[PDB]
Amino acid sequence: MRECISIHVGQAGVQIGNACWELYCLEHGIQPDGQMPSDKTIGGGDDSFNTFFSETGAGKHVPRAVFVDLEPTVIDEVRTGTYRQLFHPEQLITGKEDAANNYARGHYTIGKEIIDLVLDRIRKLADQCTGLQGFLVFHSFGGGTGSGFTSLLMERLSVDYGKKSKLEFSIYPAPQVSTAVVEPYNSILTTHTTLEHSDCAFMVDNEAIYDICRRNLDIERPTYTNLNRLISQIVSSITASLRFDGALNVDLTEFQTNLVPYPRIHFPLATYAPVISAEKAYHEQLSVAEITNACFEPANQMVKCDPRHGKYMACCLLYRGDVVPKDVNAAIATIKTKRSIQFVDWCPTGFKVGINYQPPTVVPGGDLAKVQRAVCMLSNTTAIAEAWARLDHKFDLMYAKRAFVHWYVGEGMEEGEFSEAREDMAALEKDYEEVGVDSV
Amino acid sequence: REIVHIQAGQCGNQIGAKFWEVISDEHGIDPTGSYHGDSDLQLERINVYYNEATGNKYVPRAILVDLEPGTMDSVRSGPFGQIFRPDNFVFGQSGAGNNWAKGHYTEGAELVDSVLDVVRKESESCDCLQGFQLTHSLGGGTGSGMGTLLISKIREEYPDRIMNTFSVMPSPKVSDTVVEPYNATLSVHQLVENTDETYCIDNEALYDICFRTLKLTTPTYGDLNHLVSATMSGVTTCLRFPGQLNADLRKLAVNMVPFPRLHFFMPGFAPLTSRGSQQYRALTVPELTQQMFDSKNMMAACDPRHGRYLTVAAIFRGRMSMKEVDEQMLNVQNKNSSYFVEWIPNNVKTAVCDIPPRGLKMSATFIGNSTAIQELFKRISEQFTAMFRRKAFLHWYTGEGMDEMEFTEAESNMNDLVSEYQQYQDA
Ligand SMILES: Nc1nc2c(ncn2[C@@H]2O[C@H](COP(=O)(O)OP(=O)(O)OP(=O)(O)O)[C@@H](O)[C@H]2O)c(=O)[nH]1
Ligand SMILES: Nc1nc2c(ncn2[C@@H]2O[C@H](COP(=O)(O)OP(=O)(O)O)[C@@H](O)[C@H]2O)c(=O)[nH]1
Ligand SMILES: COC(=O)Nc1nc2ccc(C(=O)c3cccs3)cc2[nH]1
Ligand SMILES: [Ca+2]
Ligand SMILES: [Mg+2]
Ligand SMILES: [Mg+2]
């Protein structure tokens with residue numbers, strides 16, 4: 001058992017969902033029609049891939065997933081795309097009019113009209129689980145649906161599913177691939193609202209992904225298609241421990257025990273390696289030592305920040321492919337005596353290590369080279385607070401003049417929700433500062 | 001003189017399975033449960049750990065417990081997996097997430113009655129149950145949290161029965177999560193109150209032995225457990241085979257435990273062997289004796305020279321001159337009589353069994369009740385405090401209904417235990 005239900009909210013959430021589930025299918029040998037030849041137990045099973053896939057009597061393997069958007073055109077591409085047979089029509093939910101990059105519309109005006117239907121469809125997935133573990137919520141910070149509706153959904157999920165775990169994959173706004181101006185507002189609002197209802201959240205900075213695609217994959221001007229394929233690999237590395245088995249496999253929940261020292265401190269920094277093109281990977285093996293060392297090169301982080309100017313509270317290494325502990329241990333020993341790695345004084349310094357033997361897969365016609373071994377580092381660093389600081393500052397600049405606020409007030413919100421949300425963010429930044437001060 | 005065995009959690013079931021496979025080989029029991037050995041000495045006390053099944057099969061008096069089916073399914077598919085009574089597999093589904101509170105208060109509490117039912121069913125078949133033994137780690141949630149809950153309830157239903165534990169102590173060297181000092185500290189106080197013997201098997205020491213001595217550059221849990229099962233075989237040789245000694249658990253404990261709370265033993269074994277690696281020259285008796293007293297064979301990672309021995313027990317196995325054993329034993333003491341308390345006369349005792357373990361022509365198992373064991377608890381205490389100062393990772397516990405006060409109490413009574421050891425070291 002131990003099923004996980006994925007929920008994809010808004011354009012960013014949905015389209016990243018496409019990338020992930022396509023990648024999952026390739027990893028498990030699941031065809032676009034849902035058929036999986038290597039699976040001999042027809043109509044059910046308790047295999048590791050069953051955490052993410054349910055099974056019909058006709059042998060179809062169905063994602064434990066709901067797609068939600070307040071506007072239909074993004075999800076419509078899923079309904080008519082390559083993997084349309086994968087999903088039951090009731091897993092794909094759309095309204096007619098989006099939130100127009102307005103949190104208020106996503107959380108209130110438009111969201112309330114569809115939230116009951118969404119909870120019903122999620123309930124129908126939960127009822128088919130023999131031991132539901134929790135949820136995975138994919139969304140942007142900047143969208144009106146990604147921010148507003150997600151926080152509404154997270155609030156309702158806490159009511160309907162008690163303390164059942166809820167994890168986030170959140171897209172942090174970058175101007176390079178955005179045409180919105182009010183995203184700092186939506187970002188601060190959803191973070192404040194969701195903070196109590198999320199157990200762990202993986203922020204993905206679009207600028208970090210954009211840079212990596214440009215510098216490492218030599219993509220002149222990355223698209224959402226380019227970003228999502230990279231993001232899906234990081235998401236895959238993180239969920240791999242839930243979907244595959246293995247002696248040296250360590251479950252995500254065990255890493256979570258180390259990553260979250262206080263409820264509010266639940267934002268791990270992800271670093272992934274190797275990201276390399278086919279052209280450059282030819283005749284060039286990337287050893288365990290080489291990719292491990294790349295985890296401490298800030299250019300490979302999912303979020304722009306400098307851990308070398310912060311403190312560590314946890315460090316996890318999630319390997320996949322041709323990797324054995326002996327090589328890991330040696331690589332780590334080298335790094336510990338050559339890197340700027342400093343822990344807070346109230347936390348042990350050892351690196352928690354996981355290894356899945358099944359190697360990384362690539363999507364056909366993608367940009368990433370197929371490699372024999374990859375690694376995702378999940379660290380808890382005070383430096384992640386830099387991402388809050390940049391966002392909060394953009395917020396302050398606009399809010400001082402009350403720019404764009406009338407759009408929010410017009411949909412029923414009050415200025416008091418803004419200041420309250422901002423104060424939570426100020427306290428959050430101070431929390432990250434306080435955990436880094438040495439003990440008495 | 002039956003003994004009821006219980007193994008709880010991942011670590012508890014893995015060393016437990018190892019234990020049963022080792023002594024089954026010593027008693028000539030195959031994985032089907034059929035005896036095929038060549039000595040009646042193998043069967044004279046086989047009822048201590050085994051039940052006789054109609055159709056002359058021997059079934060381990062063992063109860064297997066976990067909050068998740070993962071490791072127990074590995075057991076059932078293991079080498080001797082089929083030897084265990086299927087009804088004695090008791091498991092939940094939710095797991096414990098390396099959380100003492102989940103094991104002791106919530107998830108474990110929901111399952112603990114089912115385990116007791118099996119315990120009772122095995123006890124009522126015993127002509128005269130002499131006691132219980134438990135294998136578990138202290139660093140996780142099931143073995144640590146539910147294991148001590150189990151021990152508390154067993155003492156309620158069987159207040160006059162001996163309870164002994166083989167307990168794996170956590171170490172940053174061999175570590176799963178950062179909350180292990182929390183779980184260990186909470187568990188240690190339970191053990192102080194409700195066990196008669198606790199064998200302090202330190203994963204740090206087990207690592208160092210595999211590394212520094214057995215020259216295994218990357219030791220696994222499997223390598224670590226080879227040392228544990230070899231030690232458990234030796235500690236229970238006394239009970240499983242005829243010889244000089246025929247004390248029941250209670251008589252054994254009486255002569256080893258001068259004060260009720262100070263019952264945490266430093267185990268040792270000689271010669272130290274890595275799995276598979278044959279070696280052909282047997283040790284001379286002076287070699288056995290010198291090694292078993294050397295800190296490098298200790299499995300508690302405490303320096304015995306930093307404390308004093310209250311009592312010592314040593315069991316030698318194999319065909320050898322016990323007169324020579326006598327002389328070497330009294331050599332070691334009379335050489336180092338400053339590491340033995342002088343107010344417990346003749347506190348160093350020895351015994352021999354003719355039957356050696358598999359692979360060795362002779363061996364020796366060490367059981368030391370030293371005040372140096374306080375180093376183990378001080379180590380755990382320091383690591384506890386470093387996090388608890390900042391109330392770090394506490395939300396995992398408060399979320400299950402626990403209060404900070406219970407941690408403060410746990411911290412305090414382990415510091416009392418430490419100071420209590422210091423009292424007798426300076427006597
Ligand atoms: N990485 C990535 N980011 C995306 C993608 N699509 C949109 N975004 C980002 O999401 C933010 C805008 O939010 P959207 O997800 O498009 O909006 P929404 O959730 O549909 O909410 P609405 O306002 O109602 O449309 C911008 O910062 C975009 O850069 C995507 O496919 N991949
Ligand atoms: N010696 C030994 N220690 C183990 C083994 N498995 C886990 N441990 C240790 O036990 C602690 C984790 O507890 P675990 O038994 O996995 O948790 P549980 O299943 O909830 O009881 C850590 O300190 C590990 O180092 C094992 O097979 N052998
Ligand atoms: C399962 O519980 C035990 O085996 N406890 C136990 N406590 C013991 C104490 C001593 C000995 C032992 O072998 C001795 C050798 C010499 C004098 S006593 C053996 C012991 N076994
Ligand atoms: Ca199946
Ligand atoms: Mg949209
Ligand atoms: Mg474990």
Side-chain angles (χ1 to χ4, degrees), chain A residues 163 253-254 257, chain B residues 6-13 16 63-68 70-72 90-119 132-158 163-170 176-195 198 264 377 380-381 383-384 387-388 391 393-414 417:
Chain A
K163 270 305 185 176
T253 63
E254 243 197 56
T257 298
Chain B
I6 308 170
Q7 45 193 65
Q10 181 168 35
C11 174
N13 275 276
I63 303 161
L64 296 81
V65 179
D66 214 338
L67 283 176
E68 68 183 1
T71 309
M72 274 172 50
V90 185
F91 60 100
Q93 295 286 335
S94 62
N98 295 289
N99 192 325
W100 195 85
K102 289 196 176 199
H104 200 85
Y105 286 134
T106 58
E107 308 293 343
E110 197 187 331
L111 185 77
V112 66
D113 280 11
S114 319
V115 180
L116 291 175
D117 292 335
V118 182
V119 173
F132 308 88
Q133 69 179 38
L134 168 73
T135 54
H136 64 294
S137 73
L138 306 189
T142 304
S144 191
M146 192 190 177
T148 52
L149 176 67
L150 261 169
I151 286 177
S152 193
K153 291 198 150 45
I154 287 182
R155 202 187 173 181
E156 193 177 43
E157 190 172 357
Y158 313 86
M163 169 70 69
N164 296 335
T165 67
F166 304 86
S167 309
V168 174
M169 313 290 176
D176 287 8
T177 65
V178 298
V179 291
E180 285 163 0
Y182 280 156
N183 302 331
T185 300
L186 291 165
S187 273
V188 163
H189 181 56
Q190 303 297 309
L191 299 179
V192 167
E193 285 193 342
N194 303 326
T195 68
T198 289
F264 298 89
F377 299 122
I380 300 297
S381 204
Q383 303 165 0
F384 178 98
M387 294 184 296
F388 190 66
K391 301 176 178 186
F393 305 100
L394 233 55
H395 72 96
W396 297 124
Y397 299 86
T398 56
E400 301 296 315
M402 285 189 66
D403 192 52
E404 286 180 11
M405 257 301 162
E406 185 161 347
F407 279 75
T408 299
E409 293 175 3
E411 180 183 51
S412 296
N413 323 224
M414 194 162 66
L417 180 67

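Proteins come first, then strands; the chains are lettered A, B, ... in the order of their sequence lines, and each starts at number 1. No hydrogens, no waters, no symmetry mates; every other heavy atom, side chains included, goes into these values.
- Just one of B/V90, B/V65, B/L64 meets the side-chain contact (heavy atoms from CB on, under 4.5 Å) condition when paired with B/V118; it is B/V90.
- In this structure, CZ on B/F264 lies 7.0 Å from CE on B/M169, to the nearest 0.5 angstrom.
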Problem - From CA spacing to verdict: side-chain contact (heavy atoms from CB on, under 4.5 Å), B/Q133, B/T165 - result: CA-CA 5 Å; B/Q133 69 179 38; B/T165 67; over 6 Å; no

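- Put simply, the side chain of B/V119 reaches to within 4.5 Å of the side chain of B/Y158, judged on heavy atoms.
- With hydrogens and angles ignored, the 3.5 Å screen pairs a side-chain donor or acceptor of B/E180 with a backbone N or O of B/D176.
- Contact annotation: the side chain of B/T185 never approaches that of B/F407 to less than 4.5 Å [non-hydrogen atoms, C-beta and beyond].
- Counting heavy atoms from C-beta outward, B/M414 and B/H189 have side chains that stay 4.5 Å or more apart.
- The one candidate from B/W396, B/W100, B/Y397 that meets the ring-ring contact (aromatic ring centres under 6.0 Å, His included) condition with B/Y182 is B/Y397.
- At a threshold of 4.5 Å between non-hydrogen side-chain atoms, the residues B/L150 and B/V112 count as touching.
- Judged purely by atom type and a 3.5 angstrom limit, B/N183 uses its side chain to pair as donor or acceptor with the backbone of B/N98.
- Inter-residue side-chain proximity for B/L111 and B/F91 is flagged as unmet; no heavy-atom pair is nearer than 4.5 Å.
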Handout entry: Chi angles and distances behind the side-chain hydrogen bond (donor to acceptor under 3.5 Å, both in side chains) call for B/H104, B/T148
Key = CA-CA 7 Å; B/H104 200 85; B/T148 52; 3.2 Å; yes

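- Looking at B/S144 and B/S187, their side chains do bring a donor and an acceptor atom within 3.5 Å of each other.
- In this structure, CD1 on B/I154 lies 10.5 Å from CG on B/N194, to the nearest 0.5 angstrom.
- Looking only at distances, no side-chain donor or acceptor of B/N164 sits under 3.5 Å from a matching main-chain atom of B/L134.
- Across all their heavy atoms, B/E107 and B/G95 have their closest contact at CG-O, 3.8 Å.
- Taking the side chain as every heavy atom from C-beta outward, B/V192 and B/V188 approach each other to under 4.5 Å.
- Side chains of B/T142 and B/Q10 form no contact here, defined as non-hydrogen atoms less than 4.5 Å apart.
- Put simply, CG on B/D66 and CD on B/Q7 are 10.0 Å apart, with the number rounded to the nearest 0.5 Å.
- Remark: B/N99 CG to A/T253 OG1 distance equals 11.5 Å, nearest 0.5 Å.
- Between B/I380 and B/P170, the shortest heavy-atom contact is CD1-O, 3.9 Å.
- Rounding to the nearest 0.5 angstrom, the gap separating the OH atom in B/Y105 from the CD atom in B/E400 is 12.0 Å.
- Judged by distance alone, the side chain of B/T135 and the main-chain N or O of B/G12 form a donor-acceptor pair under 3.5 Å.
- The closest donor-acceptor contact from the side chain of B/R155 to the backbone of B/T195 lies at 3.5 Å or more, if one exists at all.
- Put simply, CE on B/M387 and CZ on B/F393 are 7.0 Å apart, with the number rounded to the nearest 0.5 Å.
- Here the closest heavy-atom approach between residue B/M402 and residue B/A101 is recorded as SD-CB, 3.6 Å.
- B/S167 and B/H136 share a donor-acceptor pair across their side chains, judged by distance under 3.5 Å alone.
- Taking every heavy atom of both residues into account, B/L67 and B/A96 meet most closely at CD1-CB, 3.7 Å.
- Other residues, nucleotides and ligands contribute only 12 or fewer heavy atoms inside 6.0 Å of the CD atom of B/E110.
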